[PDB]
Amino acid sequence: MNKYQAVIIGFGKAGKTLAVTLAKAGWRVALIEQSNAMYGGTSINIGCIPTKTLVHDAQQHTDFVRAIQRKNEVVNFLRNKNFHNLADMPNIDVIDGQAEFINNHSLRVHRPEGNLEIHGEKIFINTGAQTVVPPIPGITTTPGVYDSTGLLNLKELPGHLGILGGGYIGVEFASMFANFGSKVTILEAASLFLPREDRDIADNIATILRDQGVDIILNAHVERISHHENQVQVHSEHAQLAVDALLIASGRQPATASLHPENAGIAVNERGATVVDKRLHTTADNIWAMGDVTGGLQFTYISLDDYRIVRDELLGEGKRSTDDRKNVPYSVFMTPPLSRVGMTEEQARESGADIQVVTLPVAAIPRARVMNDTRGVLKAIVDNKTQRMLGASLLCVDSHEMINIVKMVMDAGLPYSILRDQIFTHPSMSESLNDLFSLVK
C-alpha cells in the first residue's frame, strides 16, 4: 500500500515475534511470506514441530499413516493460529508473495496475478534456510528421493529408507523411522560417525541405532542415483543399494539467491549467508538479518535470541549483541535423545587443563527404568582448578529438559557441587545429576 516503518521478509521465528512486538509498540509492520502453507515459520510446518510429533508417536510404535495425519492435525492447527496472531492486528499487513530487493528501501513481491512494490524505513531479512542438494547426478530426476519436507508427507511407511548424510537431522529420521518399523540405511561421507561428538558418545549412539535395525555406512561416496525396479537405487563404486525411499539430509544453506540481496548492497559469503555483525546489522543501513540467513547455528531458539537483540535496539533499554551467547545448548531427537552443552572430552583433554571426566550409565537411573528405556549414558567434564563444569553429554530420555539445568549453572559460573548437592524431584531425571556429580573425586 504505502510506506512501512518495519518490513520483515519471512514468517520465521524471529520475524513473527518482532512483528507483534513492533505492532504492539505502534509500528506499521508488514510481514511478507512466499507460501500460504508456512505461516509460523520452518519450526512449525517443516522442522521442529512436525518431526518431533512423529518421533513421539514412533516411540510408542504407533501406526505410521495414523501418526502422519496426527502431524497434519497439529501443524494445520498451529499454522492457522500463527497466521491469525499477526493478521488480527491492525498494525500488521501479512502480504503473500516472494520478496526481492530493488533498493535498500524498495522490494518487489512476486504474486501470480501481479507484483507489488513495498517500501520500508527498516527492513528485516528473516527467510530461513533451504535444503542442500549434493552434486550427485540423478537426485532431481529420480522420483523416489525426498527432502526433509518431502519425507514428512509420505502416504504410508516405506520398508527400506535410505538417508543421504550422517548429520544430526539425518539421525533423527534414522531413529524415528526405525521406531516405525523400517530398515534405515544411513550414508555419511566421513570416516567417523558424528565427528563433532565424543567417540564414547558416538559409539553408544551407534549401538542404539544398530540394534533397532540401522546400519551405518561411513566414508561412502555415492556416484549416481536412479530407479531400476520401483526402488531408489543408490550406486557407489562396487557397492549398490536399493531403497523404497531416499531422504536428503546433507544440510541447510541460507536461502538468499531468490532474494537478490546484491541490489540493496547486502553482501553474502560463499554459502549465501548475509554478512552480519554482532548487532544483526548487514552492509546496508537500516536493514537487519535474523534467523538461518545469518549462516550461524540453525536453531529456533538461536533465531528467537536474534529477535531479542533486534528488539533491544529499536525499542530501547540499551543494546545487546551476539557476544552475549555462551554455552549454547542443543539436542538431537532420537530415542533416547542426546542433549549436549559445553565442551567434549576430546576438547577438554586437548586444552591441557586438569580435568576430571565422570560417567554414569543410564541403567543406574531408577526413573529411566520407570519409563522403560534404560539406554544411554551420562558424561560430564569438570575443571579441577576452578571446580566448574566445562561440558556435558546427556544421552537419556528427557535429556532436552535436563540440559537446561546444567546449562544454567555453567552460565552462572557455579561449581559442579551445585548440581551434586541439590534437592530435585522424585522420581525424575533431573535428580540423575545428583548421582552423576557424586562420582567426582
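One-based numbering along the sequence shown.
Review point. Looking only at CA atoms, which has the higher mean B factor in the entry: 55 to 63 or 32 to 40?
Key: According to the entry, 55 to 63 carries the higher average C-alpha B-factor.
Practice item. Read off the CA B-factors in the entry, average them over 305 to 313 and over 211 to 219, and name the higher stretch. Key: Looking at the record's C-alpha B-factors, the answer is 211 to 219.
**Study point:** Candidate residues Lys326, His281, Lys122, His235, the one whose C-alpha B factor the record puts highest
**Key:** If I rank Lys326, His281, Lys122, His235 by C-alpha B-factor, first place goes to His235.
Point to revise | Residue of maximum C-alpha B factor among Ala255, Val341, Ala189, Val133, per deposited coordinates | key: Of the options given, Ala189 has the highest CA B-factor in the PDB entry.
Review point. Thinking about Cα B factors across the chain, which third does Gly15 belong to?
Key: Its C-alpha B-factor belongs to the lowest third of this chain's values.
Point to revise | Third of the chain's Cα B-factor distribution that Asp244 belongs to, per the entry | key: Highest third.
**Study point:** Chain thirds of CA B-factor: placement of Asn372
**Key:** Ranked within chain, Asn372 CA B lands in the middle tercile.
**Study point:** Position of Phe77 among the chain's modelled residues by C-alpha B-factor, lowest, middle or highest third
**Key:** CA B-factor rank for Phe77: middle third.
Exercise for review: Relative to the other modelled residues of the same chain, rank the CA B-factor of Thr322 and answer lowest, middle or highest third.
Suggested key: Its C-alpha B-factor belongs to the lowest third of this chain's values.
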